[PDB]
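Chain lettering (A, B, C, D, E, F and G) follows the sequence in which the chains are written, and residue indices restart at 1 in each chain.
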Amino acid sequence: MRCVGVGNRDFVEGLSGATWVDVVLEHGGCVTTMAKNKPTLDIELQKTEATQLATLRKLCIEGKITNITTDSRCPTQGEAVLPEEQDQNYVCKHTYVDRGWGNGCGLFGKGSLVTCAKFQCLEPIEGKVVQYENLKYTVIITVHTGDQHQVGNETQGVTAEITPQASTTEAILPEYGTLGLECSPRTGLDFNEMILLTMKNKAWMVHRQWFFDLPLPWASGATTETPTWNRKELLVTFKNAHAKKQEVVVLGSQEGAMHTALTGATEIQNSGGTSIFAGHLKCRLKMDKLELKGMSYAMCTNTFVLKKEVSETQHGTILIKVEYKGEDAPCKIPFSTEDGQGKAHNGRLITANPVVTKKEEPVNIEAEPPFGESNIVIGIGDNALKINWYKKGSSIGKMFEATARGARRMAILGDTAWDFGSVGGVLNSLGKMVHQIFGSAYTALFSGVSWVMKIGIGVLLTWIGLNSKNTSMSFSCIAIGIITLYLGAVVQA
Amino acid sequence: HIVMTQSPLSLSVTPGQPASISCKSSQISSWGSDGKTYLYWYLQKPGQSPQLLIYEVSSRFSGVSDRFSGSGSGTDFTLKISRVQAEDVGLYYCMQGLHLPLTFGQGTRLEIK
Amino acid sequence: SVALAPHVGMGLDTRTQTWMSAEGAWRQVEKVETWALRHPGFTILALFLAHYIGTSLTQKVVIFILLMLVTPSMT
Amino acid sequence: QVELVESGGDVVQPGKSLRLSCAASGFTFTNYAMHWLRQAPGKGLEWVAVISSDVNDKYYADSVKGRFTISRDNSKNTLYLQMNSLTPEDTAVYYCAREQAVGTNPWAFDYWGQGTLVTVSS
Amino acid sequence: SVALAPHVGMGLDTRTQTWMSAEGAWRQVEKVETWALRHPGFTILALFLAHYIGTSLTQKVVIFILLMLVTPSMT
Amino acid sequence: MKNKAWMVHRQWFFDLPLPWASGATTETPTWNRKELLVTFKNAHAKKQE
Amino acid sequence: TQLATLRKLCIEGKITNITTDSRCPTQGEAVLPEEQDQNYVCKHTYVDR
């Protein structure tokens, strides 16, 4: 119940033969997994972190210019040459300057003039890559136990370290069996297209090709104290004002320009371990060995009293918190739901089956009431605690919200949203294959399109669809216009 | 008036070897409002003026070699050097910037063994 | 580098907020608006060009809007 | 690229006051808090006094509190330190430290001056 | 931010060579060239759109050119 | 700026997005439109930086 | 029994300190140091000088 209150949770409920259900973790939301006889637990991918990062390429952000040396030839003969030109550390440029008797040359006319300065770089920008060998995912799993201090408690949990070498690490929950994780960590944010821009103690996960296409001069990338820099011509600005001579000026410090050139990148915390916090992971949940505590306990026949007022969460759960008043401590809590004094039992306990483990140890229950009046009976007898509640909503509204949530998931996850909570099945396989093919084609088409250009192109294409009448309307409009507007209204995550 | 106590007082290490310097505080230097930890590490090279290596607990300063990295959360901070060169001779004075009467440590000394 | 190659639409997409998302969502739109308010005559020139090239009420509008988007940002 | 050069350091007998001056260059001075730091020979670095961006606000180390005075001539781009009632203990190499260029602390050191030597002895 | 609004074509023009007149001339063109080399699918999309929105050859050419010039310039 | 000069158009100067101030050479000037430098980054609707 | 204050509107008011800083016709916009203060209600207008 470290999952309550996040506002991003989403409940997986299915189960199959061998009781395996694959769910997807996104660093933002915490999954909840309910089952018929398995204790409902919750999962959250805490932090993805890498280690032993190599440096692929180094970029200069600002420079200093010293030792400006110049040389000119007599006009109409030869071309100005300078021994310092061949040096890798020196930036040079050739220009033509008028010369005459005033300048000492014999014959009037334009003559070449080369100026060579010393480009000693400063404030490098390292660009680091990570191999899949060292990437590590940490996963936290908690079963709904009804402990006193376990409402959205970020700390207490069970951690399982997942690495590509050994990706089938199974958690060992106390008194609940062993939840088995068999996940593929190769999929996810493809780290073969990630270069970390460690630039003055701020990292970023940019695309590889975009990093290679940064105009700033690039170094060899090896570990040296005086690396040679290629493409130095664009961070020093030679200025030939009029035609008498030319000066040499260093451009400046490119940090502010870099920060606005990274306006779409995702930030990652870089201090010590480069613990990335954005990303997603697909994992299978093998719940065969997993059991629930105290299925055989007797029922409670005593008084129950609320110790904290019931307050509905964002998704409809109400978080009942009660304390036992009887003398039989190792006992099971009863439950009942009536809509309009009718035992329709149209409710559900997101907790598996809450049980009191001590006489006066408070226990908290997460129940899902129906959409109307819902009288909830906890104890038995005339002393049964009665929690009146009223969930304000409609069933169709919940379906619309679920559809919107699924659409957002399909927009963020490429096609793994088709596997999120996909309990086996053959229909989901065909859906995933179709979506994979069409999404690959669609992203190959709309590679690197603006937040507003997507909306504009979508409007234009849906208008084209509404115009054409050769049954191109039906596919053009539906397949491109609506999809592209929906995407372009979401892309800026 | 937080007093800074450093664990090592002399560190003689051969070149191409790691090194760990410890600067232990008398109080947690973690500013509550932002959650940052203001511990600085300077190096005064012999016959020179002090520089600034790591301007936080672990975020190194500009112009500093690749090997200088720090750590520590509340009171036990470290300065890790990966591969010692011949230029690392100096005095690694740590400092706390949490409180106005900021006080340096006694400062360790590094020499080539 | 120069603030002309931002990481806007390419590459990864995650659930976390990308660096400087809300500040830069409307940056280019504000740039186009301020350029248009500073140089109004090009609106007249674009209207002329659109009304004298390939006119049909959808083309006459799309060419005008596309040119009015091209020229300021291209600058 | 910034350059902080010391001035005013010389010999002085105990009890005779002295005024130190820190000349600054390479940055806009009026926006930077400045510090005075000293290192007695064979002794650890010891911060002396700080003046913030606004001229009025100043602070001094308790070991030297009430004996010194720190002033800012930002129009000339220089810092002033006034040393009064000097003690033979108050002999050290004195430094001039700028405010941090990047960070969160209102007062920190990033660039240290070349250093001046003041000797208080008889 | 600031780089998006270069002081180009404001109106004051003189004999003396301006700031960065050699480097900052083809900067915008090289941006579009690199973007086109990096993202090839939008070329196919623009060809399709120009073919299906332009009834004349000149209209198709203008639409294709403007689409190629508008999207990298936008981002 | 930084020992350099340029002859820019007045309106273009007034248009560029940087935090300006009265320029009265007084101490502690107050800058308008400070939001052009600071960038707040709410990560997971948990805290702000 | 118990009530929480969600948001306070207010009806009356008082204007305490009034300060004006004009600007020359083409030198640009007018700026006052207390404009950025949250409890100073400022407004820009045009006059002839």
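Operating definition for what follows: contacts are C-beta pairs under 8 Å (C-beta built on N, C-alpha and C of every residue); 3 or more make two chains touch, one makes a residue touch a chain.
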| item | value |
| --- | --- |
| Furthest chain, CA centroid comparison against chain E | D |
| Core chain by centroid distance, with centroids computed from Cα atoms only | A |
| F-G or A-B, whichever has more C-beta pairs in contact | F-G |
| Inter-chain centre distance, chain A versus chain E - centres from mean C-alpha coordinates, in Å | 32 |
| For chain B paired with chain G, centre-to-centre distance based on mean C-alpha positions, whole Å | 49 |
| For chain D paired with chain E, centre-to-centre distance based on mean C-alpha positions, whole Å | 55 |
| Gap in Å, rounded to a whole number, between the CA centres of chain C and chain B | 51 |
| Multi-chain contact residues (two or more partners), chain C | 2-6, 8-10, 16-17, 19-20, 23, 27-28, 34, 58, 62 |
| Chains touching one another, given as label pairs in label order | A-B, A-C, A-E, A-F, B-D, C-E, C-F, D-F, E-F, F-G |
| Interface residues, chain F side, partner chain C - complex | 11-12, 15, 35, 39, 41-44 |
| Contact set on chain A toward chain E in their complex | 209-210, 213, 233-234, 237-242, 256-257, 260, 444-453, 457, 460-461, 464, 468 |
| Interfacial residue positions of chain E with respect to chain F in the complex | 1-2, 5, 7, 10-12, 19 |
| Parts of chain F lying in touch with chain A, wherever the complex brings them together | 2, 41, 43-45 |
| Residue ranges of chain A touching chain F (in the complex, touch as defined) | 7-8, 27-28, 252, 267, 277 |
